[PDB]
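Q: Give me the fold of what follows.
(one chain, ligands or ions: 1)
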Amino acid sequence: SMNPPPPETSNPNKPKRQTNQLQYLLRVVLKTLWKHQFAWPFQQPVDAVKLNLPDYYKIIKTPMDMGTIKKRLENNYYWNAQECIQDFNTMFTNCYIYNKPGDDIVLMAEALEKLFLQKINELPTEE
Ligand SMILES: Cc1cccc(CN2CCC(CNC(=O)CCCOc3cc(=O)n(C)c4ccccc34)CC2)c1
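A: Numbering: from 1, shown residues only. Dropping the coordinates below:
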């Protein structure tokens, strides 16, 4: 019956960079998954109150979504590509932990994770 604070997308005392690899994570990886027919459940934080999922955040202590990831990239929040790659991996893992194999939401996540993997495979070497 209440959502937590969302993940921070802004922290002025966190040091930041805008690397070639971070630019690809935006213009290639996030863009690819964002436009997908299965992106919609992943485009903002889990609204456990409207979804009637009052255990979600009992179970899920590290929430992540592509709304967050997107703001983080657009805001220049990260130091490196690995922090961002972690965030996508977290989002996928959380889906798997909470739900049961073969639920529509897990197949959605599986499809996006496949594209994620195809895109990251070609992550450029730093400039
Ligand atoms: C009593 C009540 C209170 C509030 C709302 C409702 C109406 N409705 C009844 C139960 C219904 C449950 N529906 C589901 O689709 C839950 C399945 C798991 O869903 C997700 C699981 C998940 O991991 N993620 C990321 C999602 C992201 C977006 C949308 C859904 C999920 C949604 C709310 C009834």
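Q: now check whichever helix or strand residue 118 is part of, is it near the ligand?
A: Assigned by DSSP states H and E, residue 118 belongs to helix 104-121. Yes: interface with the ligand: helix 104-121 contributes residue 105 (Cβ under 6 Å from any ligand atom). The way it works is simple: take the backbone N, C-alpha and C, and place the C-beta from them, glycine included.
Q: how far does that helix sit from the chain's center?
A: How far helix 104-121 lies from its chain's middle: 11 Å, per Cα atoms, centre = their mean, to the nearest Å.
Q: neighbours around the residue lying closest to residue 42 once chain neighbours are set aside, how many?
A: In space, and not counting its chain neighbours, residue 42 is closest to residue 66: 4.9 Å by Cβ to Cβ, 6 or more residues apart in numbering. Here the number of neighbours of residue 66 (other Cβ atoms under 10 Å) works out to 23.
Q: Quick check: phi and psi at residue 66.
A: Main-chain dihedrals, residue 66, degrees, to the nearest 10: phi -80, psi -10.
Q: Going forward, the N-terminal residue is numbered 34.
A: That works, and once the first residue is 34, the last one we named lands at residue 99.
Q: Does it touch residue 66 like I think?
A: Yes: the pair residue 99 and residue 66 passes the contact test of Cβ atoms under 8 Å, sitting 6.3 Å apart.
Q: what sits in contact with each of the two?
A: Taking Cβ atoms under 8 Å, 6 or more residues apart in numbering as the contact criterion, the residues that touch both residue 99 and residue 66 are 72, 75.
Q: What is the helix holding residue 151 packed up against?
A: helix 64-67, helix 114-131 (3 or more Cβ pairs under 8 Å, 6 or more residues apart in numbering; DSSP states H and E).
Q: Indicate which one of these is closest to residue 55.
A: Taking Cβ to Cβ as the criterion, helix 114-131 is the member of those that comes nearest to residue 55, at 5.8 Å.
Q: That's all I had, so thanks and see you.
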